[PDB]
Every structure is written in C-alpha cells, then in structure tokens.
Amino acid sequence: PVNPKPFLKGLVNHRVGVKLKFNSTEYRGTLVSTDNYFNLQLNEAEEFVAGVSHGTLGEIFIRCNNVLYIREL
Amino acid sequence: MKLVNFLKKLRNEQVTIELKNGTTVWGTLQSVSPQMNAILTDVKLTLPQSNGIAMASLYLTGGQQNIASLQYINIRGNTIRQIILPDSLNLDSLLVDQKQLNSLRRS
Amino acid sequence: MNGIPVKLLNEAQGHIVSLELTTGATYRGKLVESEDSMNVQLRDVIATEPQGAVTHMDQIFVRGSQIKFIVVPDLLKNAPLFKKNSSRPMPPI
Amino acid sequence: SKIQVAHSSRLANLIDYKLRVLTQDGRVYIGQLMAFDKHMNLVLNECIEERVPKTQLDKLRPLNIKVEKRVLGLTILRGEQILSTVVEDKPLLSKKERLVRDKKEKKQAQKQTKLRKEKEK
Amino acid sequence: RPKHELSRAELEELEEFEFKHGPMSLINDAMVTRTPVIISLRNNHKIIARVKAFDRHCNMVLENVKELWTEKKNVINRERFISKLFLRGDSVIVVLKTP
Amino acid sequence: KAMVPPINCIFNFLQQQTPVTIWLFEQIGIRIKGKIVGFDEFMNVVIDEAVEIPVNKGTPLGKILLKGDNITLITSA
Amino acid sequence: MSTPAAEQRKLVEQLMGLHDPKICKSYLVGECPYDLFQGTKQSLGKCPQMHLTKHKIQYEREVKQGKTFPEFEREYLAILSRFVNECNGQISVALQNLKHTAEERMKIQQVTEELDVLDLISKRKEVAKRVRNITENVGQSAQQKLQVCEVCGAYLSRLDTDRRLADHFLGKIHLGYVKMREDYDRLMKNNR
Amino acid sequence: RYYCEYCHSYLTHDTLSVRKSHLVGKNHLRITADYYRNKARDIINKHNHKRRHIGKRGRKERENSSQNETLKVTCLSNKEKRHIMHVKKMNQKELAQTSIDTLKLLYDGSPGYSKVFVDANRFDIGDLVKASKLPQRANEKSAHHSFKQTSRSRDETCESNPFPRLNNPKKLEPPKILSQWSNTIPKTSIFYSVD
Amino acid sequence: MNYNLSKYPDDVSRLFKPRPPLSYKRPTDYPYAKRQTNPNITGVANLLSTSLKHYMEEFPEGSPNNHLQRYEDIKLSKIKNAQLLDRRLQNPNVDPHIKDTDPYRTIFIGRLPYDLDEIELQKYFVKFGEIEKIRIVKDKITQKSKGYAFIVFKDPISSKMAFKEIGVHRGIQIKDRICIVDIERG
Amino acid sequence: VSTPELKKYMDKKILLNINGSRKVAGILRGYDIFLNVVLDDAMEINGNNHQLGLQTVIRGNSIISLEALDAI
RNA sequence: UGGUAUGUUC
RNA sequence: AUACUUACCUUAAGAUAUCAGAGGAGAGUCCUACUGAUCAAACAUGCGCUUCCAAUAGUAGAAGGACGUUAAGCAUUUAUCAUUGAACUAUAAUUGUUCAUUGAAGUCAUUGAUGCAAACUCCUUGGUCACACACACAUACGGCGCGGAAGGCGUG
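Chains as they are written, first to last, in the deposited numbering: chain f, 12 to 84; chain h, 1 to 49, 58 to 73, 78 to 119; chain d, 3 to 95; chain b, 2 to 63, 73 to 131; chain i, 8 to 80, 83 to 108; chain e, 8 to 63, 73 to 93; chain H, 4 to 19, 38 to 140, 172 to 244; chain C, 3 to 197; chain B, 1 to 91, 94 to 188; chain g, 2 to 48, 53 to 77.
What follows is the structure, given as structure tokens:
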C-alpha cells in the first residue's frame with residue numbers, strides 16, 4: 012500500500028532515530044532533508060552508545076553507507 | 001563534478017597515500033585513472049604501529073631490505093583511504109574546475 | 003562492452019576448472035555454462051572448506067562476486083583473444 | 002630488484018610483464034599478464050600464489075621467511091579482491107623483438123584479410 | 008522520476024539543485040562560511056578540518072586537518090596535524106558541523 | 008506449479024500480512040520481528056510493530081524503514 | 004538496461038473500478054496473443070492496451086474465491102476467435118500454395134507425358181510403367197518434401213526424424229498457439 | 003554486437019540464447035577443434051633452441067681433444083629423413099592416443115562388470131554420460147549405423163552367464179612387441195601350439 | 001577424467017588433460033563469519049567539547065577560497081550582464099523611426115545588404131503593390147546599415163502578397179544577399 | 002542485465018550457504034536477475054535443526070553458492 | 001531493412 | 001555449392017586534448033590547411049648521464065627455483081561427544097579414571113603438521129665479446145672500444 016519515498020518525505024520534521032551497523036552509534040534527531048540515495052540530514056541529534064547517551068551534537072549529516080534503519084517515534 | 005579530474009592535474013606530485021589496510025605510501029604520482037587507479041614511482045611504503061595481514065602485504069612485495081622500497085606500484089581505487097598532497101602546492105589554482113566552468117557557461 | 007576476461011571465462015565451457023571462493027573454499031569441477039556476470043555453474047564438484055575438509059557436490063552454482071579466482075587449462079595460453087592486431091572481416095551493415 | 006620499471010607506462014604498456022600482484026589477504030600472485038578490462042580482471046600465465054603462514058608471521062614482526079607457494083598455471087583473477095600490482099620480472103624477448111613480432115603479426119593479418127577477400131570473390 | 012528517462016546532459020543542473028536544497032546543505036555551508044567540521048571515519052580517525060570542495064561521491068578536500076584516534080590496549086590518544094587532505098567518501102561515517 | 012519471482016513473492020507476502028521474521032547481518036546484527044507495509048526496488052523494506060531479539073527479552077521498536085544493504089533473509093513466522 | 008537497478012525500478016513501476042479499457046482483458050484473463058508473439062517473426066507489433074501484474078494478481082484472487090467476470094472472458098473469446106480465423110486463413114493459403122506447387126504446369130505436363138507412355173506380358177509392362185511413374189512422382193515430390201503442420205500451419209517433413217521435429221515443437225509460436233487452441237476449445241466446450 | 007574469433011562470423015545484439023546456440027552448432031565445433039589441435043601442434047613442434055655461447059677454450063683441452071680420435075658423422079638424404087620423421091610423427095601421435103585397455107576386457111565376465119566398467123551405470127560420472135547423448139537431430143546420423151547397441155544394463159546379475167567357459171570367450175591378445183626389434187624374437191617356441 | 005560429457009572428440013580431450021588438483025593449505029585471513037570492521041566507535045561529542053576548544057584556538061581564522069570567489073564573481077558578472085540585457089531589451095510606440103502607419107500593410111525585410119540603397123529597395127517593393135512609405139533602420143551609435151527595413155504599402159493584401167512572394171522563394175535576391183520579408187510583429 | 006541460468010533448478014531441492022555456515026535447504030520456486038532466491042519449505046541445517058516457515062525469500066548478496074541436492 | 005544455427009534435394 | 005522449411009534475436013546515448021585572442025554565421029552556440037601556449041602519441045636524434053651483460057692463464061660460478069635427495073633429519077604438539085551398567089573424583093548435558101551396548105555427522109593424513117639447520121644433485125637466462133696479463137688514485141680513481149637489455153633528460 013505504501014512506499015518508502017512517500018513515507019520518508021512525510022517523515023520530515025519528526026523526532027526520528029537512526030541506528031548504525033556498529034551497535035554503538037545511534038543518532039536521534041529531527042529530520043530535515045533526504046535525497047534519492049537516502050542520505051540523512053538531522054538536527055539536534057543525540058549520540059547513543061549501547062543505549063546510554065554521551066551528549067548533544069546538533070546539525071549532522073548521516074551517510075547512507077553506514078545506516079541500518081530509520082525509525083519513527 | 002568528480003574530483004578525480006582534480007587528481008588528473010596532479011602529475012609529478014610527490015604525495016603520500018594512506019590505504020584502508022593501514023599502509024602509508026610515499027611516492028610521486030605518474031597517472032591516475034578516472035576510476036582512481038593511481039600509479040606511483042620512486043615509492044617507499046611503511047606499515048606503522058599489529059595487523060598481520062598488512063605486515064604480510066608489506067613484506068611479500070619484493071624489495072623489503078619495516079620500510080619497503082619499491083620502484084613502481086599501481087593502487088586500486090577501493091583500497092585508497094586517503095591521499096595527502098604536499099602543502100607547497102596551491103589548491104586555489106589546481107581546483108579551477110574548467111569542466112565545471114564550461115558547464116556553467118553552457119547553462 | 004563485455005571485455006576480454008569474461009570472453010575467456012565463457013571460452014572454457016565444458017572443461018575442468020578450479021575456483022577459489024572469498025571464504026577460502028576451493029572448488030574444482032567441470033564448468034557447465036558461464037555467464038557475463040561470472041555467476042558460474044560447475045558439475046562433478048570437489049570442494050575444500052576453509053576448515054580443511056574435502057567433500058563432493060554434484061551440481062554447484064556460485065555467484066560471481068564471491069570468487070577469488072578460477073584456473074582455466076593451459077591450452078588457452080594461445081587464444082585469438084590474445085591477438086593484438088587481428089583485423090575484422092567486413093562487419094555487416 | 003634492478004628491473005627499472007618504466008616511468009610513464011600504464012596497463013596497455015605493462016602487458017606480458019611478470020607481475021607480482023598483491024591482494025587484500027596478501028596472497029601474492031606472480032605471473033605474466035596477458036589481458037585486462039575496466040574492472041582490472043587479470044589473466045595470469047604460469048602463475049604462482051605465495052602466502053606466509055601464521056607461525057612465520059611472528060618472525061616477520063620486528073633473516074629468512076619460508077613462504078608457502080602453490081602453482082596455478084594459467085589463471086584468471088578478478089579485480090575485486092586485489093589491492094596492488096607491481097612489475098617483478100622482465101619478459102624473455104625485448105622491445106625491438108616484440109616490435110618485429112608485431113610487424114609480422116600485422117603483415118600476417120593483412121595477408122589473412124587478402125585471403126578472405128580472395129575467397130569472397 | 009526514473010533516472011535514465013529524465014533528460015540528456017541536464018542531470019548536472021538537477022545535481023546542483025539537489026546540492027543547494029537537499030542533504031548537501033551542510034557540506035555547502037561549511038565551504039562558503041569556512042567553518043571547521045568534525046568527520047568521523049570508519050577506523051576511528053576523527054578529523055577536525057575545513058571543507059574545500061564537494062563531490063557526488065562525497066570526496067572532500069580538507070585544509071588544516073587535525074586528526075585524532077585512540078589506541079586501546083592501555084588507552085592512549087594519538088593525533089596528527091596534516092596540511093592538505095583528499096578524503097574518500099567510502100571512509101566517512103558521519104559529518105558534524107559546529108555553529 | 009509455476010515460477011514465482013522474488014518481487015511478486017514479496018508482493019504476495021505484503022498482501023497476506025503474515026507475521027514476519029527479518030534477519031540481518033551477523034553477530035552484531037539483531038533479528039527483527041514485525042509486519043511488512045512497504046518496499047521498493049533497492050529492497051528498503053518498511054516494517055511495523057517491530058520487536059528485536061539478539062542472536063542465541074525483546075524490546076518494541078515501532079515503525080522502521082530498514083535499508084537494503086543489511087537485509088539477509090525474510091521468513092513467515 | 005545496462006544496469007540491473009534500473010530494471011528492478013522498471014519492475015517496481017510496472018508492478019505497483039477495475040473494468041476499464043486501459044486494462045488488457047486478454048492479459049487480465051491470461052495468455053494475451055500480443056504477449057505470446059512478442060519478439061518472433063510472427064509478431065503483431067505492440068499491444069495498445071496496458072499490461073499489469075497487480076491487476077492480474079487481483080483477478081486471480083477474485084477468481085480464486087470471490088467471483089468471475091464474463092465480459093472479459095467474452096472479449097478474450099472474440100480475440101481468440103479472430104486470431105484463430107486469421108491463422109486458419111493463413112493455413113488455407115499455405116494449403117492452396119502446396120496444392121498449386123503439386124499441380125504446376127511443367128510438372129503436370131511431365132506427368133501426362135509419363136502417363137501417355139504408361140499404356172500377362174502387357175499387364176507386367178503396365179505394372180512396370182506404373183512403378184516408373186510412381187518413382188517419377190516420388191522424385192518430383194521429393195524436390196521439396198514439405199508437409200503441412202496440422203495445428204500451427206507451418207511446414208514439416210516426413211523423412212525428418214523425431215528429434216528435429218521435437219526441436220520444432222518447442223518454440224514460442226507453437227507453445228503460444230497450442231495454448232490459444234486449448235483456450236479456444238475450453239471456451240467452446242463451456243459455451244456449447 | 004558479438005563476434006566469434008573462431009568461426010569469423012558476426013551476430014546481432016548480444017543475446018545469450020543465440021550465443022549459447024552458436025557454441026553448439028557443428029561448424030563452430032569443427033573450427034574450434036581444428037584450431038586447438040593446430041595451436042597445440044604448433045607449440046609442440048616449435049623447437050625453441052637455446053642461443054649458443056661459444057668461449058675461447060683452454061689450451062690443454064685443445065691438445066687433449068684434438069688427439070684422442072675423430073668421430074664419424076652420419077647423415078641422410080632429403081626423402082629419407084622426411085619419411086623417417088613422418089614415421090616418427092605418426093608413432094608419437096599413435097602413442098599419445100593409445101592407452102592400455104587390458105582390465106576392461108580381462109574382467110569382462112565379472113559379476114560387477116555392469117556396475118563399474120560399463121561406463122553408463124557408473125555412479126559419479128554416469129549422469130554426464132546420460133545427459134549429453136548427442137541426440138542426433140539429423141536422420142542420416144541415426145540411419146547410418148545399422149549394428150547392435152549392446153547396452154548392458156545395471157540389473158544384470160550372476161544368474162545370467164553362470165559358466166564363463168561354455169559361453170564362448172575370446173583368447174587374450176599376445177603381448178605386442180616393437181616392429182623395429184622384431185627380428186630378435188626366439189623363433190623356436192617351448193611347447194607345440196596347434197592352430 | 002576418463003569419461004566426459006564434452007562435445008569434443010577424444011583427440012581434443014587428450015590435449016585437454018587438465019592441471020593436477022591444487023595442493024590445499026591452511027588459510028591466513030579471518031573467515032567471512034569474522035570479516036567485519038571495527039566495533040565500539042565512540043561518539044564525536046568528546047571532540048566538540050575539549051578538542052574543538054583547542055582546535056579553534058590554534059586556527060581562529062580560515063583560509064580564503066580563491067576558486068569559489070572567482071566562480072561567484074563569474075556568476076555575479078553573468079547576473080549583471082543579464083540585468084543589463086533586460087534593461088536594454090525592456091527599455094514600438096515610442097520610436098520616431100517606427101512612427102509609420104498600421105502594421106497590416108507594413109512589412110519588414112531583414113538581413114539585407116549593408117551597401118544597398120533605398121531606390122533599389124523601393125523598386126523591388128513597388129513590383130507587387132503601391133508602396134506608401136519605406137524606412138531603412140540603422141544603429142544609433144554608428145551610421146552602418148544593419149540590413150533591416152520597413153515598407154508600408156497602400157493596401158494590406160498587396161503588402162502581404164509581396165511579403166509572401168519575397169519570403170517564399172528562399173528570400174528576395176537583393177543584389178548582394180537574400181533578404182526575406184515578413185510581418186512587422188509590432 | 003542477463004538472466005541467470007537457474008532453469009534446471011526449477012522443481013529440485015537446493016541448499017544455499019549463507020556467509021560461512023547458514024545452510025538453508027529449500028525448494029527453488031523462483032529467482033531474479035539479482036540471485037534473490039525464493040524457497041518453499043526452508044530448513045536450517047547446523048553441524053540442531055530449525056524450520057523457517059512455509060515460504061521464504063533470500064537476498065542474493067549473502068548468497069555465495071548453492072548445492073543441487075536433488076538429481077537432474 | 002538483417003544475422004546465427006540446424007534438416008532435406010541438385 | 002545452389003533452392004526451401006524451422007529455433008532465437010534484431011541494436012544505451014554524446015564526443016574524440018586543453019587555454020587565450022582575431023574573423024565569419026541569426027546574451028547563448030558552431031567553424032577557421034587562423035594565430036600564440038601547454039599536454040599526448042609516433043618517428044628520428046644526442047646528452048664524457050643511470051643499472052646490468054657468467055673462468056676458460058679453468059674443470060668453476062652470478063640470478064630464480066626444484067611442485068629434488070639425504071629426510072621416517074633434530075626439537076615439540078593433537079587424533080570425537082552423549083545415556084546406562086560394576087567403583088568413582090564430584091558446582092554441567094557423571095565432565096576425570098578401566099571396560100562395554102546404543103545414538104548424529106565422522107578429511108585422508110601421525111612415514112602427518114610447525115619451527116630449526118647443513119650438504120649434494122639438476123633445471124631457465126646471459127657479449128660466456130675486441131686488445132693486453134699491464135702500476136692508478138683527495139677535485140678518490142684517464143666512464144676517450146664495438147654493441148645489446150632497461151630507464152631518465154634534452155632537440156627536430
């Protein structure tokens with residue numbers, strides 16, 4: 012019924028979370044823009060190493076090479 | 001807007017290349033493919049402080073007698093991690109991007 | 003387009019070749035039918051796992067990206083693909 | 002190894018040289034290239050594959075090193091799991107002899123085209 | 008829209024439009040305001056440097072590179090100052106821009 | 008019977024809305040359980056009601081756009 | 004395409038009421054004749070109506086349990102009847118060409134000249181002349197030795213062995229036309 | 003587009019169904035087999051001799067070698083050396099093509115002859131024999147041979163042919179000898195053999 | 001090794017006796033179950049806290065980009081040239099040379115010769131209808147013939163027929179050139 | 002570009018290997034130009054047994070080779 | 001506007 | 001070899017080095033046997049240039065190997081789990097000890113594998129070249145013979 016491109020254009024301006032492949036880097040922030048190669052741009056992101064935080068980051072560009080999934084809270 | 005054409009303007013430049021295996025390669029550039037398959041001459045390569061696969065790749069190239081001195085090495089694109097240019101070269105004149113200037117003039 | 007090595011791999015069809023995989027398992031058998039994407043099919047396959055043991059498959063089909071190399075027989079040392087100045091007898095219109 | 006590899010040569014000029022090509026594992030293949038492509042898939046004549054064992058690696062870490079050599083003959087190696095290639099040994103016949111051989115191949119190819127034109131008539 | 012059926016020789020204009028108004032807004036802001044960015048790489052080589060050029064493969068030219076990694080045996086931090094660098098987009102995990 | 012291509016296999020798997028077990032990469036990766044709602048040509052599969060269980073205490077995850085390069089295997093639980 | 008990712012994108016874009042003229046009813050029921058003759062020498066060109074896989078899956082799910090539509094079946098029956106009439110006209114033209122080749126002017130003149138000289173001892177001479185005329189007729193028929201295929205209307209041979217004939221029967225034209233004949237016979241058995 | 007380097011024939015846009023059918027047809031088989039045979043014959047027949055290195059020999063070697071003896075050189079005419087080298091080439095090719103086939107005809111009445119030596123009921127390579135029959139799509143290739151097939155099935159047991167001497171066997175072949183050294187055979191046998 | 005599926009004869013197969021099987025030894029790399037990059041990569045928030053304060057203190061100012069400045073100067077020069085072209089093109095009722103009669107009988111002949119005269123143009127225009135006025139347009143900065151003229155005839159139908167006869171036969175052959183005629187397009 | 006020649010594996014039991022040990026034995030129902038494999042009645046084999058649902062689809066990136074368990 | 005391969009007759 | 005039938009297919013595009021100026025064609029584009037500069041290729045050509053080219057006034061030796069021998073050389077390390085029975089150390093899916101029934105795969109290799117070290121033998125390569133068996137050198141060595149192999153630089 013749905014496709015990842017209308018779901019991902021509608022995912023803009025939401026507190027989303029992105030897990031990486033390494034199980035020690037998870038970035039949770041507000042999505043700004045996303046291209047057709049699915050590169051991610053976030054704002055006021057937070058680092059999550061194995062669940063626990065380390066500090067706020069801000070405007071950040073997450074490459075689609077190292078993403079595993081993106082979630083909606 | 002591929003920056004391999006920036007490296008095509010870097011002939012006879014005495015650079016270093018850190019590979020993804022971990023090897024630092026000091027040598028002069030001769031040519032580079034558009035797929036970034038770069039050939040180098042007057043080369044010495046060194047694995048710093058380990059990775060036993062990188063030590064095997066360092067020794068099994070002939071000319072070891078851990079700085080290995082080799083005459084001519086071609087390097088594949090996906091094994092290049094980063095390349096360090098000499099600081100005496102001016103980046104403001106080599107990055108003029110004449111193909112991008114012609115594409116902007118064609119618009 | 004295709005290139006010389008994929009034409010050489012398509013040349014030695016129906017011959018005893020030996021593959022090595024990326025994991026370390028070495029296969030050896032008769033090539034059934036090679037493709038341009040190097041997804042090659044072998045028959046009477048003898049296999050050596052990276053653990054060391056030796057087994058025998060009847061009909062294997064390996065994907066081209068998980069191949070380290072493949073050994074063709076030596077009589078393909080002299081091939082017309084290796085000729086540099088072979089002219090072309092009047093291609094059709 | 003005092004070979005003095007050419008200073009401005011590429012893969013079209015390095016053909017029929019006894020290469021010593023390195024891979025990601027370090028499984029070094031020694032042999033003559035006879036063809037390549039865009040993905041750098043190299044055929045290797047009289048090729049040998051050499052490695053070092055895990056016990057020899059401790060001695061290699063800072073002398074003699076006992077490498078393990080297997081014989082592959084004429085193989086065809088892919089360009090994905092390779093890292094670097096160098097020129098180890100020069101071929102048998104020289105540049106002038108290869109030039110005379112290439113002129114003989116061109117004259118033989120022109121004679122073959124004249125024979126095809128004679129058979130077409 | 009499919010990529011092969013857009014047009015011929017006008018894909019560079021769409022690539023520049025995606026550069027100005029897409030995920031490339033941070034690499035564009037760093038090269039015009041000369042702010043230092045922190046690129047974390049796939050082998051713990053964190054780079055603090057200024058961006059000089061942009062590429063489709065995210066091949067980035069960096070000037071006044073201060074790179075830092077951590078050796079875990083025991084725990085030491087080793088840094089290096091490199092004047093000019095051409096970084097491949099394969100190694101890049103993430104790019105952070107400071108305000 | 009006939010041939011069932013993988014795109015139509017995932018399309019029928021989408022229509023039936025069976026319970027889904029999606030595997031991933033090795034020991035770092037974590038097996039996910041959910042229900043498929045969307046996919047594309049690069050196999051970026053969108054799943055809902057996701058509970059993750061590591062390789063041999074599951075936690076809810078919500079709605080997930082799982083990318084293609086880590087997807088290994090899809091089963092109907 | 005040169006890349007397979009564009010091929011997969013094309014498959015997604017062509018895979019993702039229902040009584041509309043845009044949907045090919047012969048493909049919605051199944052085995053469209055414009056699909057079974059796509060790239061062969063007997064090609065009809067291109068189907069003007071669009072083909073879809075999601076509509077075919079919905080029609081299969083409806084015909085599994087829900088219901089059936091007789092209008093698309095009647096349209097497919099009319100299309101199969103028109104194509105079978107065109108193929109029967111082509112087979113009749115091939116049979117007329119074979120009958121004209123068997124009844125050529127010089128061949129009938131040679132047969133009449135052989136039969137004019139065909140007329172105990174006289175009965176044995178007439179039997180030998182009839183055997184010679186049969187040998188001449190067999191030599192005249194062996195110059196082509198082309199039969200007529202009873203189903204697909206192509207040309208066959210009697211002296212040809214069964215392996216080349218089995219290679220002939222496994223084509224796109226013959227499989228498609230046998231499937232169309234099976235569908236036409238099923239619809240004529242259901243209607244009558 | 004596709005070009006066969008062997009048959010020197012072109013093709014349309016590169017279809018796998020056409021290229022697969024091209025390597026099965028008989029003309030490509032003949033040209034490919036003849037080309038491989040001629041290239042193997044050329045790389046065997048190429049006498050790549052070593053480049054000679056003649057040095058100024060020692061004095062005492064010259065006083066020793068020029069006083070011992072002078073040997074005689076034998077040499078033949080053109081047709082003689084041509085006929086001898088042609089006989090040597092046919093002998094080399096008939097030795098390269100031959101093989102010892104004594105175990106196949108020596109265990110012919112064995113109870114497991116139909117399970118190993120028949121080469122069609124073999125387990126590991128019998129599917130390769132049963133797969134490519136060369137199905138003879140020409141009627142003349144099937145109508146040419148009019149002899150029996152004598153296909154021995156696997157299900158032949160020990161009940162069939164119980165006594166191997168009543169069912170008429172063949173006397174085994176004698177050990178073949180070299181025809182150039184056939185004049186030194188003992189002309190007198192040990193025992194009297196009849197017929 | 002003894003019996004083959006191969007379509008080649010036995011004389012080819014004796015030449016195709018393959019290499020002996022490869023002598024297997026123990027591998028050196030990690031297996032593909034263990035092939036991965038490094039885990040537990042820490043976050044970049046520690047560099048923005050302590051290392052950024054030492055990094056900004058050593059280089060408070062960045063290097064200027066001469067290539068980006070040259071590209072921006074080229075874009076600004078192109079924008080200024082486009083603005084000057086728009087101001088020159090945006091700024094037929096405020097022209098004294100175009101103060102003739104209505105354009106229904108006023109045709110325009112363009113790409114004419116630079117050394118032509120008004121008498122030959124009037125003789126060419128009066129062949130297919132009576133001409134009321136003729137005016138050759140020139141540049142204001144220099145007194146050179148640009149090759150354009152406007153001829154207003156007495157009737158619109160005769161002027162339209164003259165323009166069709168002059169533009170249908172690949173341009174009217176005016177004595178050194180082929181000048182086509184069309185509407186004034188006012 | 003080219004469709005892989007898996008026509009001989011149409012109604013036969015195959016055994017995929019996944020990345021060094023995950024041996025999924027199933028019945029090949031369909032494939033693509035990406036070597037994505039559709040298996041009916043899958044079964045995980047470990048050196053123990055584990056069932057993998059009725060139907061499954063397996064990504065061609067993790068697929069290395071496949072053994073034809075059934076005779077052709 | 002064509003190509004590749006195969007089977008009959010002269 | 002001609003004549004005919006059948007099976008499959010009938011094509012991703014654009015271009016051929018770069019920069020500056022002048023002229024022509026109705027801000028943008030094209031052309032110049034148009035002009036200057038850079039670069040690439042080919043053919044010649046020279047730089048007291050760089051490296052190598054094996055005794056014969058002997059029965060040798062340089063480079064690369066043996067997938068050759070002594071050599072089964074010398075020194076080390078392993079050669080399956082579970083249930084139960086007669087005793088049992090015992091936190092285990094009785095692990096440890098002696099014997100056995102049964103259950104799933106079950107590398108061959110222990111004359112095996114790794115490390116160490118010497119000797120002998122045999123293969124492919126060369127200028128196995130022209131004169132002579134000679135007293136030079138702090139500006140360390142008259143590189144001022146005929147060539148060949150590899151390479152650098154410069155000119156047309």
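Think of the CB as a built atom: it goes at the ideal place given N, C-alpha and C, for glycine as much as any other residue.
Alpha helix (DSSP H) containing residue i: first to last residue?
| i | result |
| --- | --- |
| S92 of chain e | Element bounds for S92 of chain e: not the alpha helix (DSSP H) but the beta strand (DSSP E), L89 to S92. |
| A151 of chain B | It is not in any alpha helix (DSSP H) - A151 of chain B instead sits in the beta strand (DSSP E) that spans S147 to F155. |
| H30 of chain C | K28 to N47 |
Mapping the DSSP letters down to three states, classify residue i as helix, strand or coil.
| i | result |
| --- | --- |
| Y3 of chain B | coil |
| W183 of chain C | helix |
| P82 of chain d | helix |
| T122 of chain H | helix |
| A64 of chain h | helix |
| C181 of chain B | strand |
| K34 of chain B | coil |
| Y71 of chain B | helix |
| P7 of chain d | helix |
Which residues in chain e sit within 9 angstroms of residue i, going by Cβ to Cβ distance?
| i | result |
| --- | --- |
| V15 of chain H | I14, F46, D47 and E48 |
Please compile the residues from chain B whose C-beta is within a distance smaller than 7 angstroms of the C-beta of residue i.
| i | result |
| --- | --- |
| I18 of chain d | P18 |
| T28 of chain d | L22 and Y24 |
The beta strand (DSSP E) spanning residue i covers which residue range?
| i | result |
| --- | --- |
| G128 of chain C | Here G128 of chain C belongs to no beta strand (DSSP E); instead the alpha helix (DSSP H) covers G128 to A133. |
| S105 of chain h | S105 of chain h -> not in any beta strand (DSSP E); alpha helix (DSSP H) instead, spanning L103 to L106. |
| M67 of chain i | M67 to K79 |
| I69 of chain d | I69 to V73 |
| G41 of chain e | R38 to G45 |
| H88 of chain C | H88 of chain C -> not in any beta strand (DSSP E); alpha helix (DSSP H) instead, spanning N80 to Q99. |
What does the alpha-carbon distance come out to for the pair residue i and residue j?
| i | j | result |
| --- | --- | --- |
| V101 of chain i | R87 of chain B | 48 angstroms |
| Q138 of chain C | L211 of chain H | 14 angstroms |
| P54 of chain b | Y30 of chain b | 16 angstroms |
| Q61 of chain d | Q56 of chain g | 25 angstroms |
| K172 of chain C | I102 of chain C | 18 angstroms |
Name the chain f residues that come within less than 8 angstroms of residue i, Cβ to Cβ?
| i | result |
| --- | --- |
| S51 of chain B | Those within 8 angstroms of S51 of chain B in chain f number zero; the least Cβ separation is about 13 angstroms. |
Along chain e, in chain order, which residues have C-beta atoms closer than 7 angstroms to that of residue i?
| i | result |
| --- | --- |
| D75 of chain g | The contacting residues do not exist; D75 of chain g stays about 16 angstroms from chain e at best. |
How would you list, in chain order, the residues of chain d whose beta-carbon sits under 7 angstroms from the beta-carbon of residue i?
| i | result |
| --- | --- |
| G21 of chain g | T25 |
What residues of chain B sit near residue i, judged by a beta carbon separation below 9 angstroms?
| i | result |
| --- | --- |
| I87 of chain e | Simply none; closest approach about 17 angstroms. |
| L68 of chain f | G43, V44, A45 and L48 |
If the cut is a Cβ gap below 8 angstroms, which residues of chain i does residue i touch?
| i | result |
| --- | --- |
| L76 of chain B | The premise fails here: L76 of chain B is roughly 14 angstroms from chain i at the closest Cβ pair, so nothing lies under 8 angstroms. |
>> Restricting to runs no shorter than 4 residues, where is the alpha helix (DSSP H) found entirely within the segment 94-131 of chain B?
In response: Runs of the alpha helix (DSSP H) lying entirely within the segment 94-131 of chain B and spanning at least 4 residues, in chain order: 120-127.
> At what residue ranges does the segment 13-62 of chain f contain a whole run of the alpha helix (DSSP H), taking only runs of 4 or more?
Replying inline: Fully enclosed alpha helix (DSSP H) runs of 4 or longer: 15-20.
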